[PDB]
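Note sheet for the following structure.
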Amino acid sequence: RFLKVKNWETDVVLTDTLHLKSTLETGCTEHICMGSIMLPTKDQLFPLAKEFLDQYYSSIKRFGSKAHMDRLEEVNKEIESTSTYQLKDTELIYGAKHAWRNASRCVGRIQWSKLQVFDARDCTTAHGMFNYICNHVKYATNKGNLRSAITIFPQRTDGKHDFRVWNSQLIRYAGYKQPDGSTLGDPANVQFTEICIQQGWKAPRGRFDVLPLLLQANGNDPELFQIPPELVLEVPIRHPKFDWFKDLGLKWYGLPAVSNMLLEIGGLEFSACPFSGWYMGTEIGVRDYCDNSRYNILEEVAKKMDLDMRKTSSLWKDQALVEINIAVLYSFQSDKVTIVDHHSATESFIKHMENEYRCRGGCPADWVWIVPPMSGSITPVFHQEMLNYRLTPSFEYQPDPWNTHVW
Amino acid sequence: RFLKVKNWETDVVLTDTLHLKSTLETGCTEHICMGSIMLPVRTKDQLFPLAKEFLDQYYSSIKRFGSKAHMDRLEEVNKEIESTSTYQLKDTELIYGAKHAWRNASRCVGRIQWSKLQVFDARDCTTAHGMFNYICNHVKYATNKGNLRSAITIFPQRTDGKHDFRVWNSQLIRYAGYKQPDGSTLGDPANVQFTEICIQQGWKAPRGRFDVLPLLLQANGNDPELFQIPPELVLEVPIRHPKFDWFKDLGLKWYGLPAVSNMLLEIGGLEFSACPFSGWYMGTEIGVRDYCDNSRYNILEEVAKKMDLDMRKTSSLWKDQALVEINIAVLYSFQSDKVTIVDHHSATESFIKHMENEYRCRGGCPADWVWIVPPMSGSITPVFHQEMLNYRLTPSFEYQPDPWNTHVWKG
Ligand code: HEM
Ligand code: HEM
Ligand SMILES: C[C@H](O)[C@H](O)[C@H]1CNc2nc(N)[nH]c(=O)c2N1
Ligand SMILES: C[C@H](O)[C@H](O)[C@H]1CNc2nc(N)[nH]c(=O)c2N1
Ligand SMILES: CN(O)C(=N)NCCC[C@H](N)C(=O)O
Ligand SMILES: CN(O)C(=N)NCCC[C@H](N)C(=O)O
Ligand SMILES: [Zn+2]
């Protein structure tokens, strides 16, 4: 019932008691571990509302107070009467911050208490959604001095009036299947790009075309909007030592803004809740650029470095990987756009884990996601045992809206 | 029940049915995943089902399930258990058991090779001197002048738990570690505790950076005895770099034969507490972990200093740059000396091919992602993108406590 986690580099041992508060299921059983799998009514709602309100009133040191009991009765009366309830602004902000705090896949959680919460629960149309999103992009970007933010659209009601951002992130690049057989742009975004074109987007058919927003308000058919170009901060990628790197024609955007997840607070479901922080360098340099199914640039870079690509044991892929990641970090830093390297971020996470174990009794963490995708063992998280479990409030995956929407 | 795993790079989906034959527990529950935790005398009653399960597996593998030979063997083992409290495996069953323990080892990336394993049966061994001779023969066979051959040596099984055979070394060949009065370490810090034990037992330590440890061998529950492996049998490789001529003056070398000697082999409920096994290295084991872990030889700074990298801020990725060069040097050095080694790209590519084959022919391949993904360049290897299912099949290799923690000293 009490669990220990050890760091095998420092011998530091921490005791986890927070897992006992966990409610949701992991997908593992005593017989099988699914740790590497990517995607493993009124009666329902009151216990969830109560669980949340209890944690909230405990957090402001007013547990069992008159104000606690009164809010519990108020919400109970509201669920019994309306089949749902509304969060106070204080509860919404607490809930959003804790959904981030609880995000076991996120290495950036030392930042969790510093989150700007934009309450968009008064939004009614897709044009309104576009306005809120531009404002979030502008605030979060802050001319390169990035600030963490979330924008929260109205909660699910009966499930036929869902707010959704159809985009997987606020800013991403289009992908196009060519007659050639190859893919132009970002292959990750081929299906969604097709949906936009189908809905009438005039695609430029280039390598780095910022996708338009496809926004769905109140369960209505989604609508297209272009983010003002002047609000999308991009960074041309160059190398501090290699003059030729700039001629690859690479760029990336500064603001990573996940827009397809569902925020659950006190049993309420916020299906449109785009949130943004800043990039860890490996996200762009390792995954976005070097995944075989992404921009897949290792070959081109290695050829420009004149490495021996005849044999895997020359480690040519590894050498070009490091250089690409050096160029990503250098380019963002030179343009004064916030970015964190994987050494700095993982060091910060270990400190955050220690803080959470000390002050909260634990920190749910998914090692498979937390360890960076290059140089794993030279970062301290590789040597850190972690326990993964699901706490609420939470960010959850949800099915893509085009599979589910009724046109 | 069927379980699917997807490869997110190729979209290949595989279906696992083998997990149904799993009996042992993982450490995980419906409420918690323990997938990153390093470490999460039998009765007659518990023994016969284990033996039966194993013999059924063995006779099925040889296409003799339900034959008179199968039935007679079950009867013979049942009689032997009821009579003597235990039983003896036939040579064929021992070979099959050892190969399958390897096949089932979810943390092993090298399993494409599982059916090619030389099994040395040492169950007639009675003394530590006998163990030493067996171990020297294993080392010489496995080394094969650099053309490494996988092998296992299997000493007598556990009886009452008071007469265990144990190799006290964690690997047959490893370097000594010495804690200095000023708090620094000479040699390999991983082996400081064991080095102190050896010195206590009478070893005269050279006190250098790469001293091959003596073997410390326990036969039949007796106190362990020290033996020096003949130096001519210990193949080592001086580490140099193909471009950087200063690399050799770091004074680095490593041994060619990785030979894990502290695990327990379980076959049909029998426990083989001394079962050293060896293959060949994947380069990252040495170049990433052994050389660059902060708690091991910790060479990153010295290498980066010699490369004249910008070390003022982590975001120059100086550690990452030095790491790749060290790993190039290790692969270069072994290949140049004609000592078998595999790079992490080749090894992971082969593992994926093995895994897909296992799914098709066996219905699954238990695999621990946390261990299978290499400790550098994770996502440019195919295993990073491969969903895996981790579960425990028997026969198996298991951890056991260090023998100095449990040994009853006779004097
Ligand atoms: C402040 C800077 C932040 C950094 C450096 C950071 C870092 C990261 C990284 C590197 C990942 C893995 C992403 C991937 O591999 O695709 C991640 C995942 C995640 N982060 Fe953060 N994060 C930050 C802010 C935030 C914020 C503000 C939130 C929510 C308010 C958040 C919630 C999450 C969630 C829910 C995931 C899992 C996403 C998924 O499963 O695809 N993070 N974080
Ligand atoms: C033939 C070449 C082989 C290669 C390249 C290979 C590769 C590896 C690697 C890289 C690891 C991780 C080791 C670590 O991080 O400390 C490992 C683990 C392991 N391998 Fe292999 N292996 C090979 C042969 C064998 C053989 C012959 C056996 C047994 C018969 C075996 C059984 C195991 C086991 C039980 C582990 C888990 C070790 C632990 O938990 O500490 N492997 N393998
Ligand atoms: C199959 C495996 O779960 C998958 O490739 C994971 C591994 N770790 C990851 N880690 C992060 N941070 N992001 C990812 O997309 C992934 N992908
Ligand atoms: C805490 C974590 O489980 C631990 O550091 C693991 C991670 N993955 C590993 N993978 C391999 N192959 N070998 C190891 O020693 C480790 N160590
Ligand atoms: C949440 N956020 O701040 C962040 N750093 N990453 C979210 C995911 C971004 C994605 N991995 C990408 O490379 O675009
Ligand atoms: C099993 N074997 O062949 C192997 N490749 N590795 C076993 C463990 C070796 C260990 N990682 C080391 O670096 O010495
Ligand atoms: Zn698990």
Side-chain angles (χ1 to χ4, degrees), chain A residues 3 5-6 8-10 19 22-38 281 286-287 290-293 298 312-315 317-319 321-322 325-326 329-330 333 341 343-344 347 366-368 371-378 382-390, chain B residues 3 5-6 8-10 19 22-38 283 288-289 292-295 300 314-317 319-321 323-324 327-328 331-332 335 341 343 345-346 349 368-370 373-380 384-391:
Chain A
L3 293 165
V5 282
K6 176 166 170 177
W8 287 86
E9 175 196 342
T10 67
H19 73 278
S22 163
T23 186
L24 298 179
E25 284 162 327
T26 60
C28 301
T29 75
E30 315 93 69
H31 296 297
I32 189 155
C33 177
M34 292 202 145
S36 65
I37 306 299
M38 199 106 62
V286 180
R287 304 301 312 283
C290 298
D291 277 0
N292 197 242
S293 65
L298 274 176
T312 59
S313 55
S314 75
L315 304 196
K317 284 189 176 165
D318 310 72
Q319 288 196 290
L321 187 63
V322 184
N325 282 273
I326 283 164
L329 289 169
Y330 175 77
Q333 289 170 178
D341 69 80
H343 305 291
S344 168
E347 198 216 310
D366 183 347
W367 192 104
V368 168
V371 177
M374 69 180 299
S375 296
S377 74
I378 65 167
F382 181 99
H383 306 274
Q384 182 61 63
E385 297 182 343
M386 297 169 198
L387 292 168
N388 197 200
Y389 47 92
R390 317 225 309 165
Chain B
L3 288 171
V5 289
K6 173 181 169 167
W8 287 88
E9 190 159 63
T10 59
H19 69 279
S22 178
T23 60
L24 306 169
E25 293 166 306
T26 58
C28 302
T29 76
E30 300 101 288
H31 294 104
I32 195 154
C33 176
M34 307 258 287
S36 70
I37 308 306
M38 193 106 57
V288 184
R289 304 301 314 282
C292 294
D293 272 6
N294 294 138
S295 287
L300 275 178
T314 62
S315 59
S316 65
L317 303 187
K319 283 195 184 171
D320 314 66
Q321 283 203 302
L323 188 61
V324 182
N327 277 272
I328 288 163
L331 290 164
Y332 180 67
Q335 289 167 177
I341 194 156
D343 72 82
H345 302 292
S346 185
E349 182 171 64
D368 180 344
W369 194 100
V370 170
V373 181
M376 69 180 289
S377 304
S379 67
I380 60 161
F384 181 100
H385 305 276
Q386 179 72 55
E387 296 180 339
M388 297 172 195
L389 287 177
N390 194 201
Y391 46 92

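Numbers restart at 1 for each chain; the letters A, B, ... are given by sequence-line order, proteins then strands.
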Worksheet item: Does any heavy atom of chain A fall under 4.5 Å from the side chain of B/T10, the backbone, both, or neither of them?
Response: neither
Discussion item. Looking at A/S375 and B/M376, would you say the former's side chain and the latter's main chain have a donor-acceptor pair under 3.5 Å?
Written reply: no
Worksheet entry | Most contacts with chain A, counted as non-hydrogen pairs under 4.5 angstrom, among B/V5, B/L317, B/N294 | B/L317
Worksheet, complete the sentence: Note: vs chain B, highest number of non-hydrogen pairs under 4.5 angstrom among A/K6, A/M34, A/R287 is A/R287
Discussion item. Quick check: closest heavy atoms across B/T26 and A/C33, and the distance to 0.1 Å?
Written reply: CG2-N, 4.1 Å
Item to complete: Just give me the residue among A/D366, A/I37, A/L329 that pairs up with chain B most often, heavy atom to heavy atom, under 4.5 Å.
Response: A/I37
Worksheet entry | Option that, when pairs with chain A are counted at under 4.5 Å, heavy atom only, ranks first among B/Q321, B/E25, B/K319 | B/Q321
Fill in: Winner by heavy-atom pair count (cut-off under 4.5 Å) against chain B, out of A/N325, A/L24, A/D318
A/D318
Discussion item. How about CD on B/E9, more than 12 heavy atoms from neighbouring residues, nucleotides or ligands closer than 6.0 Å, or not?
Written reply: yes
Worksheet entry | Interface moiety of A/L298 toward chain B, non-hydrogen atoms closer than 4.5 Å | side chain
Item to complete: List in chain and number order the residues that pass side chain to side chain donor-acceptor pair (under 3.5 Å) with A/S377, two or more places apart in sequence or in another chain; answer none if no residue qualifies.
Response: none
Worksheet item: Just wondering, are more than 12 heavy atoms of other shown residues or ligands nearer than 6.0 Å to CD in B/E30?
Response: yes
Worksheet item: Looking at B/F384, B/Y391, B/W369, which has the largest count of heavy-atom pairs under 4.5 Å with chain A?
Response: B/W369
Worksheet item: For chain B, which of A/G281, A/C28, A/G35 has the most heavy-atom pairs under 4.5 Å?
Response: A/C28
Worksheet item: Given that the side chain runs from C-beta out, which part of A/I326 has a heavy atom under 4.5 Å from chain B: side chain, backbone, both or neither?
Response: both
Item to complete: Give, as side chain, backbone, both or neither, the part of A/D341 having an atom under 4.5 angstrom from any heavy atom of chain B.
Response: side chain
Discussion item. Give me the atom names and distance for the closest heavy-atom approach of B/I380 to A/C290.
Written reply: CG2-CB, 4.3 Å
Worksheet item: Would you say A/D291's side chain and A/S293's backbone share a donor-acceptor pair under 3.5 angstrom?
Response: no
Worksheet item: From B/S316 OG over to A/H343 NE2, what is the distance, rounded to the nearest 0.5 angstrom?
Response: 8.0 Å
Fill in: B/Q335 portion near chain A, given a 4.5 angstrom heavy-atom threshold
side chain
Response to the item:
Turns out that what part of B/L389 lies under 4.5 Å from chain A's heavy atoms comes down to both
Worksheet item: Looking at B/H385, B/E387, B/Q386, which one forms a side-chain hydrogen bond (donor to acceptor under 3.5 Å, both in side chains) with B/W8?
Response: B/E387
Worksheet, complete the sentence: Per-residue tally against chain B (heavy atom, under 4.5 Å) across A/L3, A/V371, A/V368, A/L321 peaks at A/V368
Worksheet item: Checking A/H19 against chain B: side chain, backbone, both or neither under 4.5 Å from a heavy atom?
Response: side chain
